[PDB]
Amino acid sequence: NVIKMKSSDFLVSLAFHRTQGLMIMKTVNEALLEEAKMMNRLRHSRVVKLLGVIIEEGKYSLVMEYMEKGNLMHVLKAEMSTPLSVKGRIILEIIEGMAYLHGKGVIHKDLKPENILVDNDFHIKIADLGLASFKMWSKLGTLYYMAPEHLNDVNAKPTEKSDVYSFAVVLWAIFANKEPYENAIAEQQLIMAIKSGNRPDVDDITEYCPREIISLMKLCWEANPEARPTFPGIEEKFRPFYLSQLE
């Protein structure tokens, strides 16, 4: 259903529930409430869960589960190493989360390392901290991970393939431990370049990355959306690969 909370329950912004504990909060009616109920259905181990909603007078808030190590780029850039089997696992979990989301008919629209949260055991959950998947709540950025068909075309409707492109770039970032396109002159020219086929510099992946993940990332950022696999297709390939060579 969906849990209406009050602000007296507490002591993006961290928030401290008096009975439930640590939560995160994005501070922003039948319609907002209804949207929130729809989002409340997204329940999966790899998906940041909507725990509650605060609808009061001078403030509207969405309340989500806390993830202890922050976003994925933060963890990737940490002074402490992140092993290959663990990166493979993170990829597998991202794939599971995305498949579940598309399975509920939800297209993310803004998947990127910031929207990939990480717990203390380096397990991940997909988030939507910018509310890209929302309609009513978003009303009240970097394009490194945005499919070319959306670049310079804000009216085209985003599909599951859009999220697959973002996923491709995320694979790249996972192996390079940084943002792509550091050599770019300016955003305009960069946008035209990516629209015409430019992609993250694979040579800028210095540490070891299996050739088939390089293959996967190249498949997933194909210019033609229909040449990209779905997330279940990706899983179909990647899971037995992960187990058999990585786990």
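Numbering starts at 1 and follows the sequence shown. Under this definition, the rigid core comprises the largest set of C-alpha atoms superposing within 1.5 Å between the forms.
Novice: When the other structures are laid on this one by the rigid core, do the CA atoms of 220-228 or of 16-24 sit farther away in 9 other deposited structures of this protein?
Specialist: Result of the core-fitted comparison in 9 other deposited structures of this protein: 16-24 deviates more.
Novice: Rigid core fitted first, then name the stretch among 190-198 and 32-40 whose C-alphas deviate most from the displayed form in 9 other deposited structures of this protein.
Specialist: Higher average C-alpha offset in 9 other deposited structures of this protein goes to 32-40.
Novice: Which class describes the count of deposited residues lacking coordinates between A156 and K157: none, 1 to 3, 4 to 9, or 10 or more?
Specialist: Going from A156 to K157, the model skips no residues of the deposited sequence.
Novice: None, 1 to 3, 4 to 9, or 10 or more: how many residues of the deposited sequence lack coordinates between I55 and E56?
Specialist: Nothing is missing between them.
Novice: According to the deposited model, is the average Cα temperature factor higher in 105-113 or in 73-81?
Specialist: Looking at the record's C-alpha B-factors, the answer is 73-81.
Novice: Decide which of the stretches 42-50 and 183-191 has the higher mean C-alpha B-factor, going by the entry.
Specialist: The stretch with the larger mean CA B-factor is 183-191.
Novice: Highest Cα B-factor in the PDB entry belongs to which of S138, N152, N177, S162?
Specialist: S138 has the highest C-alpha B-factor of those listed.
Novice: Among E222, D201, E30, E65, which residue carries the highest C-alpha B-factor recorded in the PDB entry?
Specialist: Of the options given, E30 has the highest CA B-factor in the PDB entry.
Novice: For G21, return the chain-relative third of its C-alpha B-factor as stated in the PDB record: lowest, middle or highest.
Specialist: It belongs to the highest third of the chain when residues are ordered by C-alpha B-factor.
Novice: By its CA B factor, does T142 count among the lowest, middle or highest third of the modelled residues in the chain?
Specialist: Tercile = middle for this residue's CA B-factor.
Novice: By the recorded C-alpha temperature factor, relative to the other modelled residues in its chain, which third is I214 in?
Specialist: According to the entry, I214 has a C-alpha B-factor in the chain's middle third.
Novice: Would you mind ranking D128 by its C-alpha B-factor against the rest of the chain and naming the third, lowest, middle or highest?
Specialist: Lowest third, going by the recorded CA B-factors of the chain.
Novice: Compared with the other modelled residues in the chain, in which third is the CA B-factor of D119?
Specialist: Tercile = middle for this residue's CA B-factor.
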